[PDB]
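Counted from 1, the sequence shown has number 221 at position 126 by the entry's author numbering; the numbering is strictly sequential.
Even for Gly, the Cβ is constructed at its ideal location relative to N, Cα and C.
Following: one structure in structure tokens, then a few remarks.
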Amino acid sequence: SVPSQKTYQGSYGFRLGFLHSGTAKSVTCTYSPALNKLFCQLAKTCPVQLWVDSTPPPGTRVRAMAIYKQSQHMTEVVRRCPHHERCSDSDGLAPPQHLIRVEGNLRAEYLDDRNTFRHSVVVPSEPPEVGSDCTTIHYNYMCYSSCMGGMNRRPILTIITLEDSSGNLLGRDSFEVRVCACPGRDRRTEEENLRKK
Ligand SMILES: CNCc1ccc2c(c1)c1ccc(Br)cc1n2CC(F)(F)F
Ligand SMILES: [Zn+2]
């Protein structure tokens, strides 16, 4: 009923990385290591780095899925709100109900799980470009955390899984997400609250 969120590096040493984008009022995506939390504007590019210590086999894939963070909501499928699922903003590949999209990857596949009804987006895993030490996937979040009838102010986590060609688990990592109008201010506010507590 609930996908695992346990961090698991696995045989290949899989883990995520994030850029250091700062907290200026104009920032569109920013990651807080102290909160393990990404703050981003609606439908803006969120770069997520994929790091491994050793090379996984051909056919390895990378899946992203959102779940509610609070235990009393974990069994509810995270989906776009009644407004955004109808707003005709599809990219030609993502179903309009899906919160998480991958940008700029024609091999992205979108799954509606036939048993759990949860949504996810999966891409073939690829090595870095020549000159780079990690692979970057660009995600978009297609509703605000506040959207009524959707996330409705409830915090979510994104779970990133490294999978073999059958979908078996090779590695797992995760981070909280807030989709909001002013990620820089909200990151500063939440980090201050953490320090005060
Ligand atoms: C030192 N490691 C460089 C590196 C980084 C990331 C790498 C790879 C190598 C690599 C090699 C083959 C395949 Br298939 C995917 C690969 N990825 C992406 C991910 F998601 F698996 F991490
Ligand atoms: Zn919405």
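Worksheet item: For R174 versus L201, is the C-beta spacing smaller than 8 angstroms?
Response: no
Worksheet item: Opposite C141 in the DSSP bridges: which residues?
Response: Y234
Worksheet item: Which whole runs of the beta strand (DSSP E) in the stretch 109 to 181 are 3 residues long or more, in chain order?
Response: 110 to 112, 124 to 127, 132 to 135, 141 to 146, 156 to 163
Worksheet item: Looking at the structure shown, is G279 part of a helix, part of a strand, or coil, going by DSSP?
Response: helix
Practice prompt. Check each residue's C-beta against every heavy atom of ligand 2 and list, in chain order, those closer than 7 angstroms.
Written response: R175, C176, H178, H179, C238, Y239, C242, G245
Discussion item. Given a cut-off of 8 angstroms on the beta-carbon distance, is the pair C182 and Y239 in contact?
Written reply: No, they are not a contact pair.
Worksheet item: Rounded to whole angstroms, how far is the Cβ of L252 from the Cβ of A161, which I believe are closer than 8 angstroms?
Response: The pair is a contact, with the Cβ atoms about 7 angstroms apart (cut-off 8 angstroms).
Worksheet item: Can you tell which of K292, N288, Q167, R282 has its C-alpha closest to the C-alpha of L133?
Response: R282
Worksheet item: Which word fits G266, buried or exposed, when buried means at least 16 other C-beta atoms lie within 10 angstroms of its C-beta?
Response: So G266 ends up on the buried side.
Item to complete: Look up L289 in the DSSP assignment and say whether it is helix, strand or coil.
Response: helix
Fill in: Chain-order list of residues whose beta-carbon lies under 7 angstroms from that of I232 (same chain, five-residue window excluded)
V143, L145, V157, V197, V218
Discussion item. Do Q192 and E180 count as a contact pair if the criterion is CB distance below 8 angstroms?
Written reply: In this structure, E180 lies near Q192, with their beta-carbon atoms less than 8 angstroms apart.
Fill in: Which residues DSSP lists as bridging residue 321, in chain order
Residue numbering for the chain in the displayed model covers 96 to 292; residue 321 lies beyond these limits and cannot be assessed.
Item to complete: Output the distance between the C-alpha atoms of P128 and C135, rounded to the nearest integer angstrom.
Response: 14 angstroms
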